[PDB]
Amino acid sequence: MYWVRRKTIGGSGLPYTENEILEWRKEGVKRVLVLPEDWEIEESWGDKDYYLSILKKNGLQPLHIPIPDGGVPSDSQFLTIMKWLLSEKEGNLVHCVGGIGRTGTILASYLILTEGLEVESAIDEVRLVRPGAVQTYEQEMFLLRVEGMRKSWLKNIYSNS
């Protein structure tokens, strides 16, 4: 597990045991954004729901947003992911299976939106704490798109009464 912004947001791969989840807890994790698909989660936990209840039983509020390996979230998913990550600032953890592609993309996107970092700075930051962050061309294209549409993403994230 690694932090991109000390105790506010970080990433990791799929935990194999509850002990690893408790390690998360000790490190300061409070909420968990789950990105792998059901079958990936099931490889270590047998059942997606069972994994989710385990996180919940350990004091971690989980949100499951399935993203195909190598892929990027759809626009609606991105909106959901961002509304969720922006609702509670402390202890956010984002994880996929190995902890590099999908997770690095979400993390970089978060920094682009919250700090206004240019796409290359955001990518370089995540890659420095986690080499290989952001794997595919598709993810690289998505990130550039996040920077380009930053204002619109923000406007859509905060659409309120």
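So that there is no doubt, residue numbering starts at 1 and follows the sequence shown.
Here the stretch with the larger average CA B-factor, out of 115 to 123 and 56 to 64, is 56 to 64.
For the pair 40 to 48 and 106 to 114, the mean B factor over Cα atoms is greater in 40 to 48. Among the modelled residues of its chain, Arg145 has a C-alpha B-factor that falls in the middle third, as given in the PDB entry. Among the modelled residues of its chain, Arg130 has a C-alpha B-factor that falls in the highest third, as given in the PDB entry. Among the modelled residues of its chain, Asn19 has a C-alpha B-factor that falls in the highest third, as given in the PDB entry.
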